[PDB]
Every structure is written in C-alpha cells, then in structure tokens.
C-alpha cells in the first residue's frame, strides 16, 4: 500500500529484551557466539501486553521513545501485542490469562483497552503498531467444535472489536492475528477466514488504521520455503507467502485492500517439527530473517519479530497449573520454564542456528 507504517520511522528497541539478551550473552561462554548473541538486543521485537500489569511499561516505552526521537532527530515507533482476551487461548490445554468470561471478562478487557488507549493518547508524536490478539480469531474459523472456543466466540468478537474500535481513535496501526499457513492457509479455510476477518473489519468501522493481518506470530513457518516442510503434506500453501497470496485477494474483494506482517523471529530453521500443530518451544529453532520492509511481496509491509525468541512458550512441568501437554512433546525443548520467562538454553541455540547468521 501507499502508507507502510514503518517507513520514515525508527523502531524503539525493547529495553526489556535488550536487558535479557545482555544477561544471556554473559552466560554464553564462547566469545564468538557471545558477540553475535549480544547483537540481538539491537534487533526490534514486539512488547507483549499480556496483562494489565504490563500497561505501565507501555507508558514508559512511549515516553522514552518520544524523548529519543527528539534527541536523535527521528520519528519513533513502538511495537506492541494486545494479548489479554477473557478465556484466552481457548483451544489450549491449560487455562492462562487473568480474565475469564464468567467473571466480567468483557468489562475487564474493555478496561484493559481503555488503560492502553489512555497511555497512547498522551504521546501523539510516537507511532504505535499493534498485533491484535494472537491465538484468538483463528480459533473461531477452525475450532468451533472446541467447547471453550464455542463458548468464547461472542466474547472474542466483542473484545477484539472493542480493541480495534478504540485503538483506532488514537491512530494505532493494527494487524489482526491471522494464524499461519498451517492453520488458516489450508485452501478450505481461506474463505471462512476471509469472511470472519472482513466481518470484524466491518464491525470496527473499516478504519484505515486496521491495515490488515499478522501471520506466523510465535510460530516457525518459512516465509518462502526452499522446499515444502514434510509437516505440510496435503496443503499447497506450505509457507506464509503462499497463504498470504491466497488470502489477500479475498479481503480485497470485500473492499479491504489488506496488507500483512509476518513473524520470522524463530523461522531460521525449517523441518524441525513432527506435526504442523506442534507450537511449544520447538527444539532446534533458529533466529530467522531480521525485521525489514524488504519483504518480497506486494502484500507484506514488514517481516517482524513478534514473539521474542528466548522467552518460553510454556512450562514442560506437568505439575504447573499452567501446563499444556504440547510443551512436553518429543519436539519441544525440555525442561522449559513458565510462558514468557527466560529460557537460556533455547536462546543460545537460536543464536547458534540463526539463518541468515548473526
């Protein structure tokens, strides 16, 4: 499209990820690996607003970005993930997330959005790009047979709508999460997916700030695969570019000339999964293509690092109340700590296996 949110801006680098990476490079013993590892703090990632407790961090990042822009003669851009739906991750094996539908989820999520909007409103010289609710809408395409998802459907739709509608009022550029090629890219899932995303776009008033969709968030697919990963058998859309090429024209026909962003933060190593649906701490993953607007596709505004590689996807300890058995599969790195916390051994391999190399 004409207006790529990233062009003409400097991305604000997460100080939280930078601090994690610096501490990790010190725990890495080999000096050559260590310098490459240390350089990861300079690679832009998304900040996950996975709880209300993270909202004050957003405020500090906006204010820091505003001051940095003035100090360096740049316009700054802060990258966030909206990730706090009630009954979050409905098809997962474990309950996570602070809000529940049965305890005023909708009002509490709305208040979470209101607190985010109230921060963003105070810093109009900082641009914000938000990924909207990974692992939400995609479940409403393929997983309505999952009872938790069926029962969450109206709440997910209403809550995502509230986020889109109100973040648009403060000019946030938004990409709704849209799964990945092995979820919604199956040809038979494309039309149902397009129908859902276009209904969501319509309900939020077709705001031009709703730029499109984010794919491969927290996943491992290639953007452009050299050859199909064996996990993809049966699906001609074996990588993200095939998925996006197939989905984009369906959205265009609805009057939404959508554009896309694609997570590649853990895509450096292909052919590492037994089954395509295995998502948790996949062993042998490497850092992938670094964020860039040089995407190779008319539909793709940016390659991004949404999931911050090195932070766990979930614990492998079956005694944890947060335990999802996907995190104990043969292709999951074990033992693994709680979701969101630092997983040092996993980070070190991401560095060693990076492709292109660091």
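Residue numbers count along the first chain shown, from 1.
Of 321-329 and 46-54, which one has the bigger average CA B-factor?
Comparing averages over the C-alpha atoms only gives 321-329.
Averaging CA B factors per stretch from the PDB record, which one is higher: 94-102 or 278-286?
Comparing 94-102 with 278-286, the higher average CA B-factor belongs to 94-102.
Please work out which residue in 80, 113, 200, 226 has the highest C-alpha B-factor recorded for this crystal structure.
The C-alpha B-factor peaks, among 80, 113, 200, 226, at 226.
Highest Cα B-factor in the deposition, which of 265, 73, 212, 205?
Comparing C-alpha B-factors across 265, 73, 212, 205, the maximum falls on 73.
By the record's CA B-factor, is residue 273 among the lowest, middle or highest third of residues in the chain?
Its C-alpha B-factor belongs to the highest third of this chain's values.
Please place residue 118 in the lowest, middle or highest third of its chain by C-alpha B factor as given in the entry.
According to the entry, residue 118 has a C-alpha B-factor in the chain's middle third.
Sort the modelled residues of this chain by their C-alpha B factor and say whether residue 244 lands in the lowest, middle or highest third.
It belongs to the lowest third of the chain when residues are ordered by C-alpha B-factor.
Considering every modelled residue of the chain and its Cα B-factor in the PDB entry, is residue 235 in the lowest, middle or highest third?
It falls in the middle third of the chain.
Lowest, middle or highest third of the chain for the C-alpha temperature factor of residue 254?
As the PDB entry reports it, the C-alpha B-factor of residue 254 lands in the highest third of its chain.
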